[PDB]
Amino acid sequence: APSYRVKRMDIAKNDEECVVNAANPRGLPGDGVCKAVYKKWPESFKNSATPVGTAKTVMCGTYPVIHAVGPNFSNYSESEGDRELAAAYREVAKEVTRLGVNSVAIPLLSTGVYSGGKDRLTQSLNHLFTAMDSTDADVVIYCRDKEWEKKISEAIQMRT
């Protein structure tokens, strides 16, 4: 019985079986979720580079870390960006399957420094749901804001 969940804290401080990193295409430390991921899991960044709209697993010991590269909407148009964001989440779902875990911590890709100024909560979350709906894992979504916790909560409740 796979479920969707949402919790307001640092995604590094998680009690799920794996984590998705909001990564850049060069696999460098960056900022945001990527900083906290580089702090708690620096070993995961070895050969973590992968193109925009793709994902890549690097295990640090026993806990898998999936580097998902959403588009930077400063470089991408809204049209082309939307395709790449869908593509990134598609590979996250695959990696949650193709590896084969039971739970996953996942941030909303392209909703911070890659957002290009715009609020992309609903956009990113809908691409998250679309891709992850074909997986067996318990999904848990992370963020630093309470408004965002409530709006993600209502999103989850009104589809169940």
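Each residue number is its position in the shown sequence, starting from 1.
45-53 and 94-102 differ in mean CA B-factor, and the higher of the two is recorded for 94-102. Two stretches are in play, 134-142 and 21-29, and the higher mean C-alpha B-factor belongs to 134-142.
In the deposited entry, the Cα temperature factor of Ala36 sits in the middle third of values across the chain's modelled residues. Per the deposited record, the Cα B-factor of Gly70 falls in the lowest third when ranked against the other modelled residues of its chain. In this PDB entry, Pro64 carries a Cα temperature factor that places it within the middle third of its chain's modelled residues.
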